[PDB]
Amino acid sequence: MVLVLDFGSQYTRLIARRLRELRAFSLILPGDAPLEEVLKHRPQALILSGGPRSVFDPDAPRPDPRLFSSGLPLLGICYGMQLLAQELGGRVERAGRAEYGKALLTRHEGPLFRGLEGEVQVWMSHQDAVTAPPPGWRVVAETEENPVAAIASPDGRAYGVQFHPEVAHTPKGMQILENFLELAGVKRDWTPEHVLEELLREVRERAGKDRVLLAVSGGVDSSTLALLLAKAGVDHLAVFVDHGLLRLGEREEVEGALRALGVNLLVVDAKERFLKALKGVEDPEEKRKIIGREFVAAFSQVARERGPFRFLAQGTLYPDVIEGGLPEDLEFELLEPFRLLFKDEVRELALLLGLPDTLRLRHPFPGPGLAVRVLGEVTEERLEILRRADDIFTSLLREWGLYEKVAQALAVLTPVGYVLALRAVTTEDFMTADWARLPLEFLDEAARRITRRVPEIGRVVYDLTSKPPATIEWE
């Protein structure tokens, strides 16, 4: 268990994910947290993230002084390296500006850097500088502008880096993090079989003879949660609400696979209800309000009729922890087996649970579905048009091997006569995303087939906007 002490860096979650990609469990904890707190979990190592403020800024978070006196192997990143320096007898001074930049390490030596030969580009932090490492420590790295890009204690237990190894701009950062783990002798217990073993155990003990209620959307999160309950053999009822806003053929694909795998599934046909409720509504916020409201209604009705249900399982993920509404009279005990996992780790568990690639590798799709993909009132005719265009887009992407090369793809119908907007992005965290640069020949093919097979569509465009400044969905 490696502890990530968060000092505000926008890459903190990233640090935690990289550790797991190196088969080490990672947990995040605010930087300024009592020593008893950071230790109560038995950290095998510690990592001090960076932060947007200078170590000179009084508002900037400070760790527990005792922290540096625990004997725990530790790595300091940017702000973290500077904290480590001044807090131990080294000298840090103001310099540069709070910004990043690519830089080549003109010197990189010692165990922290093995495997890294040739050019070693790093994503340097330009805010301040340690000009003197703690007395007795070694400067194991430099760039042209900074004679001290990394430091290490004489016993090889603590290290500091003036750059971000968890970021893509430091292509060899993973190896550096891997060297650190190897150095701190961190056990690599974070494997999928280990996770599965634990979750089944837990879910069985907790659920007991009782029955679990769960909502299923088609997404891989809830699907894997369903498979978990079934495989664990706990009594449960998975509820799939067909709001009639799903992609072409989605309901059948989902119901067929989950049932074949053994989940007690109940499909609710609420298409008419949702469409009715959505009549004349353009405001995307209102659409979501209405969708959320119709959904909690049909779901509660099911819970009551098929009840009682002692537990309500949810697919809460670690990102949710680190930051609809059921009727008050409906009381449930929460079962959240994935609360310490990242989305991709659940996709891995799905593999061990027997979920087929058809569903295990599909892209995320929103709760309000196609309703947020028609700019304007949602009508049955508009959905029929968007469903068709969307289907053709997804199929071409799969045909040309491009589907697995984007994090998400979608089509948006814009009434004029219709203009269809194709949209695909690349992202890890869905919180910053770049427009996907699909081949021009592919875009031409997608546009010709759409206007060809869906004559109501008179023009096709491709969204060139990243996030920031724009959202992934158009509304």
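In this text, residue numbers run from 1 along the sequence as written.
In the deposited sequence, the stretch from residue 323 to residue 324 hides 10 or more residues that have no coordinates.
Unmodelled residues of the deposited sequence between residue 416 and residue 417: 10 or more.
Two stretches are in play, 270-278 and 324-332, and the higher mean C-alpha B-factor belongs to 324-332. In this entry, 93-101 shows the higher mean Cα temperature factor of the pair 93-101 and 251-259. Within the group 356, 173, 319, 367, the record's highest C-alpha temperature factor is found at 319. Residue-level inspection of the entry shows that, of 122, 149, 225, 375, 375 has the top Cα B-factor. In the deposited entry, the Cα temperature factor of residue 82 places it in the middle third of its chain's modelled residues. The PDB entry assigns residue 399 a C-alpha temperature factor belonging to the lowest third of its chain's modelled residues.
In the deposited entry, the Cα temperature factor of residue 165 sits in the bottom third of values across the chain's modelled residues. Placement of the Cα temperature factor of residue 407 within the chain: lowest third of the modelled residues, per the deposited record. Among the modelled residues of its chain, residue 390 has a C-alpha B-factor that falls in the middle third, as given in the PDB entry.
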